[PDB]
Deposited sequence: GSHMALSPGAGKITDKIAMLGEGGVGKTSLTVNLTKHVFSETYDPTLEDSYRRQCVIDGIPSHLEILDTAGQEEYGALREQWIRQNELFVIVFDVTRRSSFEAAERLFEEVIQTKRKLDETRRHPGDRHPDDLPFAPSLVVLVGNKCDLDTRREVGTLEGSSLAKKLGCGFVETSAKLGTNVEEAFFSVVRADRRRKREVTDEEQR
């Protein structure tokens, strides 16, 4: 009891909100500003749908990305809804995840990934639409959640989504 139950990796281009999301989720003491030059691994003890869970989240920032993928079970791929280039990278990153997980499996499934459209509080400046993010995720077989690390909006839903999916798979 109390041990790490799930290993999640953050992926996404710089500036999309990876660190901010993780610090928000884990209720870190300087929730608004904590951002060390060298990324940390973060922990959240929680109860997800009645089951006590302990998430270990790898914050990150090609070959090194492959190590991050081998050493984690679930994935949160973040893009910035105000930056279409970040959305394009996220799609590329999803393919890296699948291909890498395919290598090891010889199983991993796209539902163990969630695409996160962050900075949704910046609605008046979005370059990527909600329906567009939703349709990409549907095309790929993965989750899609819109979040605001700044306001905390939908942050838990985003992270817990991949745990929920993993459990859904067992039956």
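Absent C-alpha positions map to the deposited sequence ranges 1-9, 71-75, 121-133, 199-206, in order along the chain.
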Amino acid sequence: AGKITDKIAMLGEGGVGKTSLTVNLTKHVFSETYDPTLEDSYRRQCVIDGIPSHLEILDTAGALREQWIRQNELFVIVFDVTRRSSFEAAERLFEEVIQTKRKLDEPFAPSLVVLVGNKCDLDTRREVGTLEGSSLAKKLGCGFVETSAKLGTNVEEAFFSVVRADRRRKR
From here on, numbers count along this sequence of modelled residues.
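If you average the C-alpha B-factors over 79-87 and over 94-102, the higher value belongs to 94-102. Higher mean CA B-factor, judged across 3-11 and 162-170 from the recorded values: 162-170. By the numbers in the PDB entry, the CA B factor is greatest at 70 among 27, 70, 138, 54. Across the residues 128, 109, 145, 47, the deposited record lists the maximum Cα B factor for 109.
Ranked by Cα temperature factor within the chain, residue 59 sits in the middle third according to the deposited record. Placement of the Cα temperature factor of residue 134 within the chain: lowest third of the modelled residues, per the deposited record.
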